[PDB]
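Chains as they are written, first to last, in the numbering used here: chain A, -6 to 285; chain B, 1300 to 1624; chain C, 337 to 653; chain D, 326 to 666; chain E, 2 to 331. We put the CB at the ideal spot given by N, CA and C, even for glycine. So the structure is just underneath, and the comments pick up after that.
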Amino acid sequence: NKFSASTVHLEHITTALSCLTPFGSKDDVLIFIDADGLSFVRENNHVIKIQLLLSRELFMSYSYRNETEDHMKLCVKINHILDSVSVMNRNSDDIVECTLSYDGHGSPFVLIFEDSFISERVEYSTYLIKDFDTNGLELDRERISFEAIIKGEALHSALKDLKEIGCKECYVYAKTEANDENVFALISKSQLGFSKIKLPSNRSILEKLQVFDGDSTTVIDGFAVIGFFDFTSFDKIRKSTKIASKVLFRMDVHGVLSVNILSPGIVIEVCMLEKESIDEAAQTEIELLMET
Amino acid sequence: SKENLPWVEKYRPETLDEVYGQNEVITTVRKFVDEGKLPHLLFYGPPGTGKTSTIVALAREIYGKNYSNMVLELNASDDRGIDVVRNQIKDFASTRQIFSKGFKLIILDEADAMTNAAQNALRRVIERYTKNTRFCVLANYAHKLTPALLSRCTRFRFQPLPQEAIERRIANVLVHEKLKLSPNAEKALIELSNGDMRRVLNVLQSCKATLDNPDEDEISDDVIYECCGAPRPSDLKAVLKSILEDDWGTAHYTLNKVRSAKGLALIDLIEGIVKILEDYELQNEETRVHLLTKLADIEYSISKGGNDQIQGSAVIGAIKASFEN
Amino acid sequence: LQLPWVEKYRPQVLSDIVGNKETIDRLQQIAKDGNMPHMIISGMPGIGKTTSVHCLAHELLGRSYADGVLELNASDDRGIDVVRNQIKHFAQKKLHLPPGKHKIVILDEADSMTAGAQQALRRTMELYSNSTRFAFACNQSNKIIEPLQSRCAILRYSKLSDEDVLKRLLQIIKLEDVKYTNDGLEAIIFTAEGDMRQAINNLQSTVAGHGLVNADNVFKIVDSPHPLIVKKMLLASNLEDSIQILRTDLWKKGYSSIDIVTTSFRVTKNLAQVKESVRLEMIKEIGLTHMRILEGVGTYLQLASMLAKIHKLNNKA
Amino acid sequence: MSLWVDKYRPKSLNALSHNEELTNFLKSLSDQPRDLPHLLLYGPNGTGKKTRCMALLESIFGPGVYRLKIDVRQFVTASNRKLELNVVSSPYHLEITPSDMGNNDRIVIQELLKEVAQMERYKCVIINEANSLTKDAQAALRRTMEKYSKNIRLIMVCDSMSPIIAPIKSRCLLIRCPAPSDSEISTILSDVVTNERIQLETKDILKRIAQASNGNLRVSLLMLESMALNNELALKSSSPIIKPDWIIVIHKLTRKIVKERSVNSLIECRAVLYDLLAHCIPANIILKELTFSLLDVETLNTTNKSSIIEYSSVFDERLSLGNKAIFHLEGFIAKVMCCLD
Amino acid sequence: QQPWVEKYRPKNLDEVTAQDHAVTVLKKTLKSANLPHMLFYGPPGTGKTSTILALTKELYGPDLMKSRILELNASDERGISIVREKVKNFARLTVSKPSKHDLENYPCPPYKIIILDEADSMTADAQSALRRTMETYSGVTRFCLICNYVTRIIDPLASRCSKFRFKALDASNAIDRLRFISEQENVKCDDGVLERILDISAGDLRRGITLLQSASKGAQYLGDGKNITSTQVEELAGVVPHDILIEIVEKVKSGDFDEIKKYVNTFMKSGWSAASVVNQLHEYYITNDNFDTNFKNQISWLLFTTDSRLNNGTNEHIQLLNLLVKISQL
Ligand SMILES: Nc1ncnc2c1ncn2[C@@H]1O[C@H](COP(=O)(O)OP(=O)(O)OP(O)(O)=S)[C@@H](O)[C@H]1O
Ligand SMILES: Nc1ncnc2c1ncn2[C@@H]1O[C@H](COP(=O)(O)OP(=O)(O)OP(O)(O)=S)[C@@H](O)[C@H]1O
Ligand SMILES: Nc1ncnc2c1ncn2[C@@H]1O[C@H](COP(=O)(O)OP(=O)(O)OP(O)(O)=S)[C@@H](O)[C@H]1O
Ligand SMILES: Nc1ncnc2c1ncn2[C@@H]1O[C@H](COP(=O)(O)OP(=O)(O)O)[C@@H](O)[C@H]1O
Ligand SMILES: [Mg+2]
Ligand SMILES: [Mg+2]
Ligand SMILES: [Mg+2]
C-alpha cells in the first residue's frame, strides 16, 4: 500500500466531515496525500473552495510508502462515502478503528471499520480522467486588504441568526479608528428591509483587527473596506463554524476572501469570491448608516 | 501520454495557427482579441468544422494558465435545466475575476439543446452581466435557438473546409506519422471528405491499420476504397452504363455482380449514381423531377428497411422510366 | 477592458433612441408630465424596448432610481410565492416623490413567467394601483393573459426603418471616428434586415476584422440572411437554376438541412405572390420533407426531390 | 366446461387432427428439447397456434403444463402512477399478454423478462400477439433472447409477420401454421357432434359452417354451439347461418354505402364507425372486412373494384403510419363513394 | 444443449469470415493502443456483436469484464438523465490496475470500451450527450456504436465514430463457414443445399444457421440415413413452391377479377407470408425475358411500393391483393 492511516477516535473525523455536507455532499472531492498529511478540497461552480487538512499526528499508523514526486491525486464521490458511513459509526464509545488505504493509482479508496468483532470494508473507486490539476483559488499576502481574528462561537451565532432571516445578498464591513474602537460587521439586505449584525471592538471576539493599505505592512486608520458576498457562501460556511475556537478573516484588494477555521486541532481554510460590482452606489449608504 | 489516442483527438488543434480553412474567421477573432474586445461570439456550422477546437485554442491563447479557473465550459453532458442554468451562470458571472485583468469567457457547447426558458434566462444574463463576463455559443442547428439570442451574439459561419485545408492537414499528418499516399488516393480522400476532418482522420487511421507495414509502402485508391467501403467511380460508371444500355437482364446481372464482388452497399451506390447524374444534362425538365422523387422514396424505404435486390431493381426501373421521357 | 459597441453606446435618454418617433415622443411626454400608466411593450427582439423602458424610468425618477424600481427579469427566482411577496413588499412602501410621480416596476420577459405568477401580479396591481406602477417588456403580447392586458395600455413596436438605423450608425461612426463607405453601410443594412443590435455587431466585426467598412468586407465576414436566399430560390422558374442556387449557397456555405426546411416553411407561410392551393401543396411537401429529415433522412437528395416536386406542382406539366 | 374450445381442447401431439406435417415438425423439435431454438409462429387467426405451443410444452415438460395460476403485480411507468398486468403463471413455463398501453409495454416487457430470466431446466414463455408491438419492446427481446439464451425460450405467435422487424424473424425459427381445409374442419365438427349426441339431419350443415367461418376453428365451434343451443340440440338444414353482429353491421354499412352516396350518408357512416370503434374493435380489421364486403358486390365493375382496393391499401398504410383511427376509415369510405359514381 | 446460433458464436477475431477491413483493423489495433470510436452498421445477422465481443475478449481477458467493460442496451431503462449520469460516470471511472495474469497473458490496452448496442433506439438528446461525453473523455475511454440503420444515428456521431461497414454475407461469403458448421455437427446435405440456404437468407447467417439446425433435427427425427434436399429446407424456411407461383402468374395473366380474388383468399387461408411471395414474384418477373422494358419498369415500381407498404406493418392480404390487381391490369 502506498498510503496507510489508522485512527481510533472517529468523532473528530465525522464532525469534520459534517462541516462539508451542506455543499460538498454531492460529489467531486480531490483528496491529497503528502508528507504533510491528508487534505480534502471541494470546489463547485468555481465560486468557493474549501480545504480541510488532517495532520500526521491525527493518524496512529501513518506510513506513506512512496517512491515518486510525492503528490498523488484522486477524486471520489462524497455521497457514496456519506451513505456508507451513516449506518456505521453508531452509538457512543464504539472504538471503531478506521484504516485508510490507496494503492497509488487505479485502485479504489479502501476504508476498514471494525466495531466489536464486526469488521467492514468499503472500496471507493476514483475518477482521474479529466483531472485538469492545478486549480485552487489562491491569493497573495503582499496586498492583503485587512486581517481579522474572531471567535468561532460569535460568528456561528451571527450566521445562524442571519440564515433564517433570508438576506440573499450580504455585505462585509471593515473599519479601524484611532481610539481602538475597531468596527467589523456583516450587514445584509432582504425583503424584510435592512439587517445589521455587529461584532463589537471587545477583544474577546475581536482580538485582532487591522486595515491595511494594499501593502500588508502599512496599517491605516479611517479607511473603509466593502465586501459584497453572496448569501450562498455564508450559508455553506455557517455549518463549518459551528464548532471552532478561533476564526481568521483575510481578504486582499482583489476581493477574494480566505477564512481559516481552528479547532492538536485541525485547520480548515476556505476561499471565497466577491461579487463583480456593488449594487449601484450602495457602499456610500453602508457607511452613512454605519456612523449613523 | 500521446500516440495512444484516436487521430480525431490526437490532432486536436491547440493554437489558432493550427486551424485551417477558416482563415477569415481566425483573422477576425485574432483582431478581436488583440484589442481586448470579445463581443459575445456565436459559432455556427456543420459538425467537424472546428468550432469547439477553435474556441479552446482561443482560450489557450488569450488566457494560458487561467483556463482552470476562469473558463466555465457547459455542454450537453451536463444538466442544463432552467434553475440549474440560472443559478450556475448567475453565480459565475456575478463574481469578480480573481487576479486577471481580462474578460471572462463562458463556452456553451451544443447550445441548440436547451429549453426556451433557459435560453431566455441566458440571453438576459448576456445583456445584464456583461461588464466582465462574455459568452460563447456553439450549435450546429439554428432553428432550435431563440432569434433573440442570434441578435445579441455576433454570428460567425463555419464553411466546409476547402481542398487546400484538407490537403494541408493530410500533409501534416503524413509528416507526423511517416506515411505516403498516391495522388489518386489524395483525390479520392478529397472527394470522400465532404468538408469533414474527423471522417478524413478516421479513414486515414483505418487505412494505416489496414496496411501490413506502415512504412516502405504507398497508399493507393484501391486500399482506401476497400477499407472505407466506398464504391469505385469506375464501378459506378459501369453500373450506370449497364442501366442505360442493357435493358433489364444483363443490367441486373451487372448490378448484382458489382454488389457481390466487393460487397458494396446500396446507399453509397445510389449516392454515386445521382452524383454523376447531376453532371449530366437533361433538356426535358421532367425527367429530373421523376429521378429525384423516385430516388428520395428509395432512400426513405431503405432507411425504413426492405429487400436490397428489390430496391436495386426499383432504382434501375426508375432510372430507365425517367430517361424514357 | 473595452466594452463592445452594443453595450458601450447604450442610450441613456429617450432623445438618443431612434425608431418609432411617435412612441418615443409619447414616452417623452409621459416622462415630462409624470402620469405613468401600466404599459406593455412588444415587438421584434433587439429594437430598443427594455432600453426605452429604462430611459423612461430614469427620466421619470432621477435620483429616486435607487429604490423606486424593482427590475425583476427572467433570469431570477421567478416563482409564484417569493415573487408575490417581493412585489407586495415593494408596493407596501412609500418614498419622497412628487405627487405627479409614481414608483415603476419593470418585468422584462414576462412571456415565460408562470400563469399563477400572472394572477399574483394581477392581485398586486389591483391592491396597490394607487402607489406603484408596472411596465412590461416582452416580444409578443399573446403570452400575457387577457385580464392583465386589460389593466394596461398596449404600445406595439414596429421594426426600425432604414432611416433610423442609418442615423444611429452615423452617430456611432462619428463617435468612434471610423472611415466608412455608403456601399458598406447599405450592405450592413441589408444584412441586418431591420435589426439594430445585429447591425451594430456586424459593423463592429467589419471594423475589427478589416477596418474600413466596405460591402465586400461585410459580405466576407457574414453571409446574406438565409430567408432571402430561400425566397429567391423558391420563386425561381426553372428547376435547374433553383437546384444550383440551393446547392451553391446552402451546401457550400454549410447550412443544416432542417434549418433550410424550417426557413422554407416560414417563407411559404409569409409568402404573398402565390395562390392558396399552391401554397398549401408546398406546405404539405415541406411537412413531408421535415418529417423525413427528423426521422433521419436529411441528405441533399431529399432537398432536391422537394424542389423538384415544388417545381412540378408549379408548372403542372 | 361449457364451451367446445375448452372441453374438447387437445392436450397432446397425437391428439392433433389436422396439419400432420406440422405435428411431425413439432415432434422433431420436441425430440431434443435441449437444442430447441427460439420459435416464431405465424398463420391465420383461429388456426390453433396456441394449441401447438401448449402441446409442444407438454411434450417437452410433461404433466402440469396445462395447469395455470393467476398472479398480479404492478409496474411503475411515471411518478406514482402504476399499471398492472394480469400475468398468468404455471409450473415449468409462463405466459404473458401485451394488454398494456403501447408506450409502457416496452418497459413492462423489459422488467418482466429481466425478472423471469435471472439465472438457472430452462423456462419457456409464450408471446401472444407479438405483432402488436411499437418496435420498442422488440429491441429488448432481441437483446435478451440473444444475451440470456441459457434459461429463457421466447415463443412468438402472431397473425401477421410483416410488422415484426427483420432481426426478430432472424433470431426466431419460422413456424408455419396453415389453416385447415374444409374436409378437416368438417371431420372435426362431425367428431364433436358425435361426442355430443346431437341430431344431424345432413352433413351439409357442417360444410356450410366451415365455409362461413373461413377456416377458423374457434368461429366454427362457437357457431356450432349457437345453432345447437338455439335449436334445442337439433340441427336442421333450413337453420339460418348465425353470424356475429359485427360482421352484420359491416355488411349493412356496405349495402348502405353502395345504395346511398351523399353527405348525410357519409355522416351516418361516421356515426356507425364511431359506435363500432366504441366496442374496443381495432380499426385495421374493420377496414379489412369493409374492403372484403365491398369487393364481393356483383353490381360493381372491375374499375370500381380496383379503385376500392387501391384506396383500401393506401388508407391501410395511412392507418399503420398514423395515430388516430377514425380519419383513415372516414377517408376510405368517402373515397369509395367518390369513385363509385 | 445449446442452439447453434449461441453454441457456434465466434469467440475469436479469426473465426469470423467475409469481413476483411474491420477484422484487419482490429487485429492491428490488438498490438497497439490507437483504437478510435467504432460505428458498426450493416444488415441484421451480420456479426457486429460477435466481432465486438471477440475484440473485447482478445483485448483484456475474462477477469477485466467485471471492472472495466460496461454495455448499454434496450433491456434496461435508457432515459436521458439515467443515460447521462451512467455514461458520464463510467467515462469518469479510473483505468483499473491490471493483475499480473492479465499482463503476461493478454495485451491489455490502457483504455476501456463502452458498448452501445442497438443505438438506433436512442433519442437525439441522448446521442448528443453520448458524443459530447466521448469527446470530453477520449483519453482512456472508448465508445462502440452498433446500429442497424445509419440514418437514425445523427451526423455528428457518424463523423466522430469510424464507419466500419459490415458487408452482407452472401452465398460465397459464408459457404465455408456453413460447410465447417455442417462438418462439425455431422450434417449431410446434397450438392447445392447450403448454397440454397444462403440464397434464402440474403445477408443473414443466423437465419441460415437456424434453418440448418431445423433440417438436421428433422433428418435425425426421420431416422433414415438420408441427405437433406433443397425442397425440405425451402419448405421449412417458407419458400412458396414453383408450381403455386406459376399458378399465381397464370391467374394474374387472365383478366378475371373474381378468380384472382378467390385465389388470394385461398392463399391467405394457406397462411403464407406475402413478403416471400413478393420476392419470388419479383425474381420470376425480372428473370423472365418474355416481357418488354416498360412493363418490367412498372411492375418493379409496383413491387417496390408494395414492399414499402408491407414494411410499415399493414395487412398482408390487402397489400398482396392490390399488388396482384395492379400487375394484372398493366
Ligand atoms: N480547421 C481544422 N484543421 C484541422 N483539423 C481540424 C480543423 N477543424 C477541426 N479539425 C479536427 O476535427 C476534430 C474535431 O473537431 P471539433 O472542433 O472538436 O468538433 P466540431 O468541429 O466543433 O464539431 P461539433 O459537432 O460541433 S463538436 C479536431 O480534433 C481536429 O482534429
Ligand atoms: N432605437 C435605438 N437606437 C439606438 N440603439 C438602439 C436602439 N434600439 C436598440 N438599440 C441598441 O440595441 C441594444 C439592445 O436593446 P434592447 O432594448 O435590449 O433590445 P430589446 O428591444 O429589449 O429586445 P430584446 O432585449 O431582444 S427582448 C441597446 O442596448 C442599444 O445599444
Ligand atoms: N463472420 C461470421 N462468421 C461466423 N458466424 C457468424 C459471423 N457473423 C455472424 N455469425 C453468426 O451469426 C449469429 C449471430 O451473430 P450476431 O453477431 O448476433 O449478428 P448481429 O450482427 O449481432 O445481428 P444484429 O445484432 O441483429 S444487428 C451467430 O450464430 C454467429 O455465429
Ligand atoms: N389439430 C387440431 N385438431 C383439433 N382441433 C384443433 C387443432 N388445432 C387447433 N384446434 C382448435 O383450435 C382451438 C384453439 O384455437 P387457438 O389456439 O385460439 O387459435 P390461435 O392460436 O390462432 O388463436 C381449439 O378449440 C381447438 O379445438
Ligand atoms: Mg464542438
Ligand atoms: Mg430587452
Ligand atoms: Mg446484436
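Name, please, each residue of chain A whose Cβ falls closer than 7 angstroms to the Cβ of residue i.
i	result
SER97 (chain E)	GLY99
Would you kindly report the start and end of the unbroken alpha helix (DSSP H) that includes residue i?
i	result
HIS5 (chain A)	3 to 10
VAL633 (chain C)	From DSSP, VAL633 (chain C) is part of no alpha helix (DSSP H); its letter is neither H nor E.
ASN537 (chain C)	532 to 545
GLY452 (chain C)	451 to 463
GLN221 (chain E)	206 to 223
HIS604 (chain D)	No alpha helix (DSSP H) contains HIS604 (chain D), which DSSP labels as neither H nor E.
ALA1417 (chain B)	1415 to 1427
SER160 (chain E)	156 to 161
Less than 8 angstroms separating the beta-carbons of residue i and residue j?
i	j	result
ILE81 (chain E)	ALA120 (chain E)	no
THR402 (chain D)	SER76 (chain E)	no
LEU406 (chain C)	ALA367 (chain C)	no
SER256 (chain A)	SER270 (chain A)	no
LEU575 (chain C)	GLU1317 (chain B)	no
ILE432 (chain D)	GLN463 (chain D)	no
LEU31 (chain E)	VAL24 (chain E)	no
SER337 (chain D)	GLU383 (chain D)	yes
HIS1551 (chain B)	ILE287 (chain E)	yes
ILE198 (chain E)	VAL234 (chain E)	yes
Kindly list, in the order they appear in chain B, the residues whose Cβ is closer than 8 angstroms to that of residue i.
i	result
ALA169 (chain E)	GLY1562 and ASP1607
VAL26 (chain E)	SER1505, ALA1508, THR1509 and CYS1526
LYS29 (chain E)	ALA1508 and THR1509
Which residues does DSSP list as the beta-bridge partners of residue i?
i	result
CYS91 (chain A)	A:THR0 and A:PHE106
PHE470 (chain C)	C:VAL441
What does residue i touch in chain E if you count any residue whose Cβ is under 9 angstroms from its own?
i	result
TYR120 (chain A)	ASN90, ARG93, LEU94 and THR95
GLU1308 (chain B)	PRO37, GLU136, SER139 and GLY140
Which residue comes first and which comes last in the beta strand (DSSP E) that contains residue i?
i	result
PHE125 (chain A)	Counting along the chain, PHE125 (chain A) falls outside any beta strand (DSSP E), and DSSP gives it neither H nor E.
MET66 (chain E)	Note, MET66 (chain E): premise wrong, no beta strand (DSSP E); alpha helix (DSSP H) at 66 to 69.
In chain E, which residues lie less than 8 angstroms from residue i when you measure between Cβ atoms?
i	result
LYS123 (chain A)	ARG93, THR137, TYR138 and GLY140
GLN443 (chain D)	Correct list: empty, because the minimum Cβ distance to chain E is about 13 angstroms.
So residue i contacts chain B; which residues on that side make the cut at Cβ distance below 9 angstroms?
i	result
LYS191 (chain A)	None at all; the shortest Cβ gap to chain B is about 26 angstroms.
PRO111 (chain E)	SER1300 and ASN1303
Margin query: Residues around ligand 5, please: the condition is that the C-beta lies closer than 6 angstroms to some non-hydrogen atom of it.
Written below: B:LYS1350, B:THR1351, B:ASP1408 and B:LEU1437
Checklist line | Residues whose Cβ lies closer than 5 angstroms to any heavy atom of ligand 2, in chain order | finding: B:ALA1447, C:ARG346, C:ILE353, C:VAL354, C:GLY355, C:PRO381, C:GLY382, C:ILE383, C:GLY384, C:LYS385, C:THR386, C:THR387, C:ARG504, C:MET532 and C:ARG533
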